[PDB]
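Read the single chain below, which is given as structure tokens and is the form deposited in one PDB entry.
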């Protein structure tokens, strides 16, 4: 889960990490007044959306750039008016961008030095890793590609915690000089400790900067929170809007359905993540365009089936539905009955291809058969695929 930048910056601030003073606004006037309140030499105005690349994004209002510097509170208001209510598209959002409902009005600082700093549970070495580079302000991937040498890492021992030496070392590797090394090391330690406290899988600061005045500041931050830790991060997850969520996805979630919208016309729902991915994949391999990924989870309820159906048919883009379920725990029959029942209650309007396999499969197929509904029952996943694709041609 990701929170908005203003929420992440407050969490960091609450945990002793240095960030820029800021206020949040949901209207152009509020941004104008926040800018005046900052009473700063220069103000940075940043559209608040989860996708990165805001700085080069474009708004549907015509405004270019989701991050602006200006010395005039009135310009903050004018810029904000082209942001709030409009869609911001970035290299990380889909082309129709994302609606911006809030903007952060922060005190701009001069940046003397920009470095990259991140903390992540590294899947390559099973532990938290401090990742840093003196080449900040740029995409870390590019630096990795162009100058792997400028990339530094310190593996942290989860039990021990970050050691002074690691923090100091990374501070040196980032290019902070003697008098600032210590300040930087301290921030790195606070970042690491915050990373742990909040069950982040990643805390990324770029730039982790230096101002002419000798301040070490986290100018921008992205925090990826471990969804599995919500039970012990109640207060953090309460801050999650779900407002940037494609609506279909939020409805689905309500019923323990994991939906991920794709761009296509062949909808599908499967029980199990790998199978669900494999199902979108085989549709694509057979010349179709899957409309979504949807994992039902391990305990299929006729309810879920029903909602899954309600939700997918909700989408006009969907021209066909492929159901791929491999029965075990919940035998296929209970499943077929859910399929039929939902078919009757929703008066499905697109063609449906169903592929069931596993426990009590035979009975389930008789259910589909005896149902008299126009349900195409496939021999296997491949067949299910070609047929579903055939349905929308």
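Positions refer to the first chain, counted from 1. Basically, rigid core = biggest C-alpha set you can superpose within 1.5 Å across the two forms.
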Quick one: higher average CA temperature factor, 347-355 or 62-70? 347-355
Stretch with the greater mean C-alpha B-factor as recorded in the entry, comparing 125-133 against 98-106: 125-133
Looking at the C-alpha B-factor values in the deposited entry, which of 144, 80, 239, 229 comes out highest? 144
When the entry's CA B-factors for 361, 32, 44, 47 are compared, the highest one belongs to 361
Splitting the chain's C-alpha B-factors into thirds, which one does residue 341 fall into? highest
What third of the chain, by the recorded C-alpha B-factor, contains residue 53? lowest
Grab the CA temperature factor for residue 248 from the record and place it in the lowest, middle or highest third of its chain. highest
Could you tell me which third, lowest, middle or highest, the C-alpha B-factor of residue 176 occupies within its chain? middle
Looking at the entry's B-factor column for C-alpha atoms only, identify whether residue 303 ranks in the lowest, middle or highest third of its chain. highest
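Below, we turn to the form deposited in another entry, even though it does not appear here.
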Which residue of 198, 205, 167, 88 is the mover here, meaning its C-alpha shifts by 2 Å or more between this form and the one not shown once both are aligned on the rigid core? 88
Look at residue 54 and decide if its Cα position differs by 2 Å or more between this form and the one not shown after superposing on the rigid core. yes
Core superposition between this form and the one not shown, C-alpha change of residue 158 at least 2 Å: no
Checking residue 129 here: with the core superposed, does its CA move 2 Å or more between this form and the one not shown? no
